[PDB]
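S.K.: Here you go, this is protein.txt (compact mmCIF, N, CA and C atoms).
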```
# COMPACT_ATOMS: atom_id res chain seq x y z
N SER A 1 61.65 8.88 30.64
CA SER A 1 62.62 7.79 30.77
C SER A 1 64.01 8.16 30.31
N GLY A 2 64.14 8.46 29.04
CA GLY A 2 65.45 8.73 28.51
C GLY A 2 65.58 10.12 27.97
N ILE A 3 66.24 10.98 28.74
CA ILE A 3 66.55 12.34 28.32
C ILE A 3 68.01 12.63 28.63
N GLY A 4 68.75 13.08 27.63
CA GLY A 4 70.10 13.52 27.88
C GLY A 4 70.10 15.02 27.72
N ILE A 5 70.27 15.77 28.80
CA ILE A 5 70.14 17.22 28.77
C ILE A 5 71.52 17.87 28.76
N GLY A 6 71.76 18.73 27.78
CA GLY A 6 72.82 19.71 27.82
C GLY A 6 72.14 21.06 27.91
N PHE A 7 72.45 21.85 28.93
CA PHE A 7 71.83 23.16 29.04
C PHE A 7 72.89 24.23 29.20
N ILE A 8 72.72 25.32 28.48
CA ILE A 8 73.39 26.56 28.84
C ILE A 8 72.27 27.49 29.26
N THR A 9 72.47 28.21 30.35
CA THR A 9 71.51 29.23 30.74
C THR A 9 72.18 30.56 31.03
N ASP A 10 73.40 30.50 31.56
CA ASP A 10 74.04 31.70 32.06
C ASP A 10 74.33 32.70 30.95
N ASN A 11 75.02 32.26 29.90
CA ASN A 11 75.26 33.13 28.76
C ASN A 11 73.98 33.31 27.95
N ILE A 12 73.35 32.19 27.62
CA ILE A 12 72.12 32.12 26.84
C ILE A 12 71.51 30.81 27.29
N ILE A 13 70.21 30.68 27.14
CA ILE A 13 69.58 29.40 27.42
C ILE A 13 69.42 28.70 26.07
N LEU A 14 70.25 27.68 25.89
CA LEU A 14 70.31 26.86 24.69
C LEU A 14 70.34 25.43 25.19
N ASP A 15 69.24 24.71 24.96
CA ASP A 15 69.05 23.36 25.48
C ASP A 15 69.14 22.34 24.35
N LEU A 16 70.01 21.35 24.52
CA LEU A 16 70.28 20.32 23.51
C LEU A 16 70.21 18.95 24.17
N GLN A 17 69.15 18.21 23.87
CA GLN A 17 68.87 16.94 24.52
C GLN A 17 68.70 15.81 23.52
N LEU A 18 69.21 14.65 23.87
CA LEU A 18 69.00 13.45 23.07
C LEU A 18 68.15 12.57 23.98
N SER A 19 66.90 12.33 23.59
CA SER A 19 65.97 11.65 24.46
C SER A 19 65.59 10.31 23.83
N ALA A 20 66.03 9.22 24.44
CA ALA A 20 65.94 7.88 23.88
C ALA A 20 65.34 6.89 24.86
N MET A 21 64.51 5.98 24.34
CA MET A 21 63.83 4.96 25.13
C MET A 21 64.05 3.59 24.51
N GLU A 22 64.43 2.63 25.34
CA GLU A 22 64.50 1.23 24.95
C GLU A 22 63.68 0.45 25.96
N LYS A 23 62.70 -0.29 25.48
CA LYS A 23 61.81 -1.04 26.33
C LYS A 23 61.88 -2.49 25.89
N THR A 24 62.05 -3.41 26.84
CA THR A 24 62.03 -4.82 26.50
C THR A 24 61.08 -5.58 27.40
N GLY A 25 60.13 -6.28 26.80
CA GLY A 25 59.21 -7.12 27.53
C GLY A 25 59.06 -8.52 26.97
N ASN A 26 59.26 -9.55 27.79
CA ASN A 26 59.04 -10.92 27.34
C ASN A 26 58.04 -11.62 28.25
N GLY A 27 56.97 -12.12 27.65
CA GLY A 27 56.02 -12.88 28.42
C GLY A 27 55.88 -14.26 27.82
N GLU A 28 56.09 -15.28 28.63
CA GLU A 28 55.92 -16.66 28.20
C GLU A 28 54.95 -17.36 29.13
N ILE A 29 53.90 -17.93 28.57
CA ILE A 29 52.93 -18.69 29.35
C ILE A 29 52.85 -20.10 28.79
N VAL A 30 53.05 -21.09 29.66
CA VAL A 30 53.01 -22.49 29.28
C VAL A 30 51.97 -23.19 30.13
N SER A 31 50.87 -23.60 29.52
CA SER A 31 49.77 -24.24 30.23
C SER A 31 49.47 -25.61 29.66
N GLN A 32 49.37 -26.62 30.52
CA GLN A 32 49.04 -27.96 30.03
C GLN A 32 47.87 -28.58 30.78
N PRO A 33 46.74 -28.74 30.12
CA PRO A 33 45.59 -29.47 30.65
C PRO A 33 45.51 -30.93 30.23
N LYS A 34 45.24 -31.81 31.19
CA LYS A 34 45.15 -33.25 30.97
C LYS A 34 43.70 -33.69 31.18
N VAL A 35 43.13 -34.40 30.20
CA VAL A 35 41.73 -34.83 30.22
C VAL A 35 41.61 -36.34 30.07
N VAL A 36 40.79 -36.98 30.90
CA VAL A 36 40.52 -38.41 30.76
C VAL A 36 39.19 -38.58 30.03
N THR A 37 39.23 -39.27 28.88
CA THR A 37 38.09 -39.39 27.98
C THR A 37 37.79 -40.83 27.60
N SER A 38 36.51 -41.15 27.44
CA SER A 38 36.20 -42.46 26.88
C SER A 38 36.69 -42.51 25.43
N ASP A 39 36.72 -43.71 24.86
CA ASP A 39 37.24 -43.90 23.51
C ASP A 39 36.15 -43.56 22.51
N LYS A 40 36.48 -42.71 21.53
CA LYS A 40 35.53 -42.27 20.50
C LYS A 40 34.47 -41.35 21.08
N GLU A 41 34.68 -40.88 22.30
CA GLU A 41 33.74 -40.02 23.00
C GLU A 41 34.45 -38.70 23.23
N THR A 42 33.67 -37.65 23.42
CA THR A 42 34.24 -36.36 23.77
C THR A 42 34.31 -36.14 25.27
N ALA A 43 35.41 -35.54 25.68
CA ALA A 43 35.59 -35.04 27.04
C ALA A 43 36.24 -33.68 26.91
N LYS A 44 36.02 -32.84 27.91
CA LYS A 44 36.39 -31.45 27.78
C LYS A 44 36.91 -30.91 29.09
N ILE A 45 38.07 -30.27 29.04
CA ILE A 45 38.59 -29.53 30.18
C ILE A 45 38.50 -28.08 29.78
N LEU A 46 37.93 -27.26 30.65
CA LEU A 46 37.78 -25.84 30.36
C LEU A 46 38.11 -25.05 31.61
N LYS A 47 39.13 -24.20 31.49
CA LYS A 47 39.70 -23.43 32.59
C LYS A 47 39.59 -21.95 32.24
N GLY A 48 38.45 -21.34 32.51
CA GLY A 48 38.26 -19.97 32.10
C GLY A 48 37.17 -19.20 32.79
N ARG B 1 6.37 -72.73 32.20
CA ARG B 1 6.53 -71.31 31.92
C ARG B 1 6.54 -70.53 33.23
N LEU B 2 5.68 -70.94 34.16
CA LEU B 2 5.56 -70.26 35.44
C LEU B 2 6.87 -70.34 36.22
N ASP B 3 7.49 -71.52 36.22
CA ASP B 3 8.75 -71.72 36.93
C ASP B 3 9.87 -70.93 36.28
N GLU B 4 9.92 -70.94 34.95
CA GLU B 4 10.97 -70.20 34.26
C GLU B 4 10.86 -68.73 34.59
N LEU B 5 9.63 -68.22 34.56
CA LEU B 5 9.42 -66.82 34.84
C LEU B 5 9.81 -66.51 36.27
N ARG B 6 9.50 -67.42 37.19
CA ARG B 6 9.88 -67.26 38.59
C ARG B 6 11.38 -67.16 38.78
N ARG B 7 12.14 -68.01 38.10
CA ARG B 7 13.59 -67.95 38.21
C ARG B 7 14.11 -66.61 37.73
N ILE B 8 13.60 -66.17 36.58
CA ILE B 8 14.02 -64.87 36.09
C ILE B 8 13.58 -63.79 37.07
N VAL B 9 12.41 -63.96 37.68
CA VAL B 9 11.89 -63.00 38.65
C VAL B 9 12.88 -62.87 39.78
N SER B 10 13.43 -64.00 40.21
CA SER B 10 14.40 -64.00 41.28
C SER B 10 15.60 -63.16 40.88
N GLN B 11 16.05 -63.32 39.63
CA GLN B 11 17.17 -62.50 39.18
C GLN B 11 16.80 -61.02 39.22
N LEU B 12 15.60 -60.69 38.75
CA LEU B 12 15.14 -59.30 38.67
C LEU B 12 15.01 -58.65 40.04
N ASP B 13 14.62 -59.41 41.06
CA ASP B 13 14.33 -58.83 42.37
C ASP B 13 15.66 -58.49 43.03
N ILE B 14 16.32 -57.51 42.43
CA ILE B 14 17.62 -57.00 42.86
C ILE B 14 17.55 -55.53 43.24
N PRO B 15 18.16 -55.16 44.36
CA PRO B 15 18.14 -53.76 44.83
C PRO B 15 18.87 -52.84 43.86
N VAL B 16 18.28 -51.66 43.61
CA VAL B 16 18.97 -50.66 42.80
C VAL B 16 20.30 -50.33 43.46
N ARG B 17 21.36 -50.30 42.64
CA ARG B 17 22.72 -50.13 43.13
C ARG B 17 23.14 -48.67 43.23
N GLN B 18 23.35 -48.20 44.45
CA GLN B 18 23.89 -46.88 44.73
C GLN B 18 25.41 -46.90 44.78
N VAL B 19 26.04 -45.83 44.29
CA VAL B 19 27.48 -45.61 44.44
C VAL B 19 27.72 -44.19 44.94
N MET B 20 28.62 -44.06 45.90
CA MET B 20 29.06 -42.77 46.43
C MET B 20 30.26 -42.30 45.63
N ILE B 21 30.12 -41.19 44.93
CA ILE B 21 31.15 -40.67 44.06
C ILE B 21 31.79 -39.49 44.75
N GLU B 22 33.10 -39.53 44.93
CA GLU B 22 33.82 -38.46 45.59
C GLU B 22 34.88 -38.01 44.60
N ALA B 23 34.65 -36.87 43.97
CA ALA B 23 35.60 -36.28 43.05
C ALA B 23 36.07 -34.99 43.69
N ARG B 24 37.37 -34.86 43.87
CA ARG B 24 37.91 -33.72 44.58
C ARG B 24 38.71 -32.81 43.68
N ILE B 25 38.53 -31.51 43.87
CA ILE B 25 39.21 -30.51 43.09
C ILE B 25 40.30 -29.90 43.96
N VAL B 26 41.53 -29.90 43.45
CA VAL B 26 42.67 -29.32 44.13
C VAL B 26 43.22 -28.22 43.23
N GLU B 27 43.21 -26.99 43.72
CA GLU B 27 43.78 -25.87 42.99
C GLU B 27 44.89 -25.20 43.79
N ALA B 28 46.07 -25.09 43.21
CA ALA B 28 47.16 -24.37 43.85
C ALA B 28 47.66 -23.28 42.91
N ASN B 29 47.71 -22.05 43.39
CA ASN B 29 48.23 -20.92 42.62
C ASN B 29 49.35 -20.25 43.40
N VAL B 30 50.53 -20.18 42.80
CA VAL B 30 51.67 -19.50 43.40
C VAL B 30 52.06 -18.34 42.51
N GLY B 31 52.07 -17.15 43.08
CA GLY B 31 52.41 -15.96 42.34
C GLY B 31 53.49 -15.02 42.83
N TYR B 32 54.46 -14.73 41.97
CA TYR B 32 55.52 -13.76 42.21
C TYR B 32 55.54 -12.64 41.18
N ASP B 33 55.39 -11.40 41.62
CA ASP B 33 55.49 -10.26 40.71
C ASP B 33 56.46 -9.24 41.27
N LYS B 34 57.46 -8.86 40.49
CA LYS B 34 58.37 -7.79 40.90
C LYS B 34 58.46 -6.71 39.84
N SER B 35 58.36 -5.45 40.27
CA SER B 35 58.51 -4.31 39.37
C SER B 35 59.49 -3.35 40.01
N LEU B 36 60.47 -2.88 39.23
CA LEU B 36 61.46 -1.95 39.75
C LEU B 36 61.48 -0.70 38.89
N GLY B 37 61.19 0.45 39.51
CA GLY B 37 61.37 1.79 38.98
C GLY B 37 62.61 2.48 39.51
N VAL B 38 63.60 2.74 38.66
CA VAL B 38 64.87 3.31 39.10
C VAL B 38 64.97 4.75 38.60
N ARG B 39 65.23 5.68 39.53
CA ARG B 39 64.86 7.08 39.37
C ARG B 39 65.99 7.98 39.84
N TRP B 40 66.50 8.81 38.93
CA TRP B 40 67.57 9.78 39.19
C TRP B 40 67.15 11.19 38.81
N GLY B 41 66.62 11.97 39.75
CA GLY B 41 66.24 13.32 39.36
C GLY B 41 66.95 14.45 40.09
N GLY B 42 67.65 15.27 39.30
CA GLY B 42 68.27 16.50 39.75
C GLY B 42 67.84 17.62 38.82
N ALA B 43 67.22 18.68 39.32
CA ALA B 43 66.88 19.79 38.45
C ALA B 43 67.94 20.88 38.39
N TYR B 44 68.97 20.83 39.24
CA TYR B 44 69.95 21.91 39.23
C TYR B 44 70.69 21.93 37.91
N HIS B 45 71.10 20.75 37.43
CA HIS B 45 71.79 20.63 36.16
C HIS B 45 70.85 20.04 35.11
N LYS B 46 69.55 20.11 35.39
CA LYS B 46 68.51 19.60 34.51
C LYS B 46 68.77 18.17 34.07
N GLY B 47 69.27 17.34 34.98
CA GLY B 47 69.43 15.94 34.66
C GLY B 47 68.49 15.02 35.40
N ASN B 48 67.52 14.44 34.70
CA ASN B 48 66.52 13.63 35.38
C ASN B 48 66.00 12.52 34.47
N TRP B 49 66.29 11.29 34.88
CA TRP B 49 65.81 10.08 34.24
C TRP B 49 64.83 9.36 35.16
```
If you convert what's in this file into structure tokens, what do you get?

M.R.:
Amino acid sequence: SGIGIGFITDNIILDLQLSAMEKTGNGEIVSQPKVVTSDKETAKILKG
Amino acid sequence: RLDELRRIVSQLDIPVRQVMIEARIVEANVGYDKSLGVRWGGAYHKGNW
């Protein structure tokens, strides 16, 4: 990904590189399940 | 007693009640995925990202 190459070869081969990586990842997941339940009773939505 | 029981019997002689239940499942999935690989390679001057 990130390589900065300085090369001499003709006079001498002298290689000087600054190799840097910056990675950015953002993941956002927003899920909303709605369940209709009796009162004081259990009801269950399961999505899997 | 016979008559009273008969009246209640009349109430009891009722057809079992059927109901047609129609519950429908609707699923919609929309998906977009994009990936970009940006690539600069030259070996003459040894520059390649």

S.K.: List as a PDB file with N, CA and C atoms, keeping the file's coordinate frame the protein and nucleic acid residues near stretch 3-7 of chain A, meaning an atom at most 8 Å away when only N, CA and C atoms are counted, but skip any in the same chain fewer than 2 places from it.

M.R.:
```pdb
ATOM      1  N   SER A   1      61.650   8.880  30.640  1.00  0.00           N
ATOM      2  CA  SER A   1      62.620   7.790  30.770  1.00  0.00           C
ATOM      3  C   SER A   1      64.010   8.160  30.310  1.00  0.00           C
ATOM      4  N   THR A   9      72.470  28.210  30.350  1.00  0.00           N
ATOM      5  CA  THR A   9      71.510  29.230  30.740  1.00  0.00           C
ATOM      6  C   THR A   9      72.180  30.560  31.030  1.00  0.00           C
ATOM      7  N   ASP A  10      73.400  30.500  31.560  1.00  0.00           N
ATOM      8  CA  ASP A  10      74.040  31.700  32.060  1.00  0.00           C
ATOM      9  C   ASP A  10      74.330  32.700  30.950  1.00  0.00           C
ATOM     10  N   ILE A  12      73.350  32.190  27.620  1.00  0.00           N
ATOM     11  CA  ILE A  12      72.120  32.120  26.840  1.00  0.00           C
ATOM     12  C   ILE A  12      71.510  30.810  27.290  1.00  0.00           C
ATOM     13  N   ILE A  13      70.210  30.680  27.140  1.00  0.00           N
ATOM     14  CA  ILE A  13      69.580  29.400  27.420  1.00  0.00           C
ATOM     15  C   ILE A  13      69.420  28.700  26.070  1.00  0.00           C
ATOM     16  N   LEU A  14      70.250  27.680  25.890  1.00  0.00           N
ATOM     17  CA  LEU A  14      70.310  26.860  24.690  1.00  0.00           C
ATOM     18  C   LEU A  14      70.340  25.430  25.190  1.00  0.00           C
ATOM     19  N   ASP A  15      69.240  24.710  24.960  1.00  0.00           N
ATOM     20  CA  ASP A  15      69.050  23.360  25.480  1.00  0.00           C
ATOM     21  C   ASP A  15      69.140  22.340  24.350  1.00  0.00           C
ATOM     22  N   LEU A  16      70.010  21.350  24.520  1.00  0.00           N
ATOM     23  CA  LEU A  16      70.280  20.320  23.510  1.00  0.00           C
ATOM     24  C   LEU A  16      70.210  18.950  24.170  1.00  0.00           C
ATOM     25  N   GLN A  17      69.150  18.210  23.870  1.00  0.00           N
ATOM     26  CA  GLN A  17      68.870  16.940  24.520  1.00  0.00           C
ATOM     27  C   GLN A  17      68.700  15.810  23.520  1.00  0.00           C
ATOM     28  N   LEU A  18      69.210  14.650  23.870  1.00  0.00           N
ATOM     29  CA  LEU A  18      69.000  13.450  23.070  1.00  0.00           C
ATOM     30  C   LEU A  18      68.150  12.570  23.980  1.00  0.00           C
ATOM     31  N   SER A  19      66.900  12.330  23.590  1.00  0.00           N
ATOM     32  CA  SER A  19      65.970  11.650  24.460  1.00  0.00           C
ATOM     33  C   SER A  19      65.590  10.310  23.830  1.00  0.00           C
ATOM     34  N   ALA A  20      66.030   9.220  24.440  1.00  0.00           N
ATOM     35  CA  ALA A  20      65.940   7.880  23.880  1.00  0.00           C
ATOM     36  C   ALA A  20      65.340   6.890  24.860  1.00  0.00           C
ATOM     37  N   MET A  21      64.510   5.980  24.340  1.00  0.00           N
ATOM     38  CA  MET A  21      63.830   4.960  25.130  1.00  0.00           C
ATOM     39  C   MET A  21      64.050   3.590  24.510  1.00  0.00           C
TER      40      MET A  21
ATOM     41  N   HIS B  45      71.100  20.750  37.430  1.00  0.00           N
ATOM     42  CA  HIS B  45      71.790  20.630  36.160  1.00  0.00           C
ATOM     43  C   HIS B  45      70.850  20.040  35.110  1.00  0.00           C
ATOM     44  N   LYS B  46      69.550  20.110  35.390  1.00  0.00           N
ATOM     45  CA  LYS B  46      68.510  19.600  34.510  1.00  0.00           C
ATOM     46  C   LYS B  46      68.770  18.170  34.070  1.00  0.00           C
ATOM     47  N   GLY B  47      69.270  17.340  34.980  1.00  0.00           N
ATOM     48  CA  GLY B  47      69.430  15.940  34.660  1.00  0.00           C
ATOM     49  C   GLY B  47      68.490  15.020  35.400  1.00  0.00           C
ATOM     50  N   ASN B  48      67.520  14.440  34.700  1.00  0.00           N
ATOM     51  CA  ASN B  48      66.520  13.630  35.380  1.00  0.00           C
ATOM     52  C   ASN B  48      66.000  12.520  34.470  1.00  0.00           C
ATOM     53  N   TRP B  49      66.290  11.290  34.880  1.00  0.00           N
ATOM     54  CA  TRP B  49      65.810  10.080  34.240  1.00  0.00           C
ATOM     55  C   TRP B  49      64.830   9.360  35.160  1.00  0.00           C
TER      56      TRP B  49
END
```

S.K.: Determine which residues of chain A receive a DSSP assignment of strand (DSSP E or B), computed from the backbone, and state them as a PyMOL selection string.

M.R.: chain A and resi 4-8+14-18

S.K.: Please, what distance in Å, to one decimal, runs between atom CA of residue A:33 and atom N of residue A:45?

M.R.: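 Taking atom CA of residue A:33 as the start and atom N of residue A:45 as the end point, the length is 7.7 Å.
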
S.K.: Just to confirm, what's the straight-line distance from atom N of residue B:40 to atom CA of residue A:24 in Å (one decimal)?

M.R.: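 These two atoms are separated by 19.0 Å.
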
S.K.: Enter the distance from atom C of residue B:41 to atom N of residue A:23, in Å, rounded to one decimal.

M.R.: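 Between atom C of residue B:41 and atom N of residue A:23 the gap works out to 21.2 Å.
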
S.K.: Which one of A:35, A:2, A:46, A:28 sits closest to chain B if you count all atoms listed in the file?

M.R.: A:2

S.K.: Could you go through stretch 1-41 of chain B and tell me which residues DSSP, when run on the backbone, assigns to alpha helix (DSSP H), listing them as a PyMOL selection string?

M.R.: chain B and resi 2-12

S.K.: Enclose stretch 11-14 of chain A, meaning all of its atoms listed in the file, in a box aligned along x, y and z, pad it by 6 Å on each side, and list the centre and edge lengths in Å to one decimal, as lines of an AutoDock Vina configuration file.

M.R.:
```
center_x = 72.3
center_y = 29.4
center_z = 27.3
size_x = 17.8
size_y = 19.9
size_z = 17.2
```
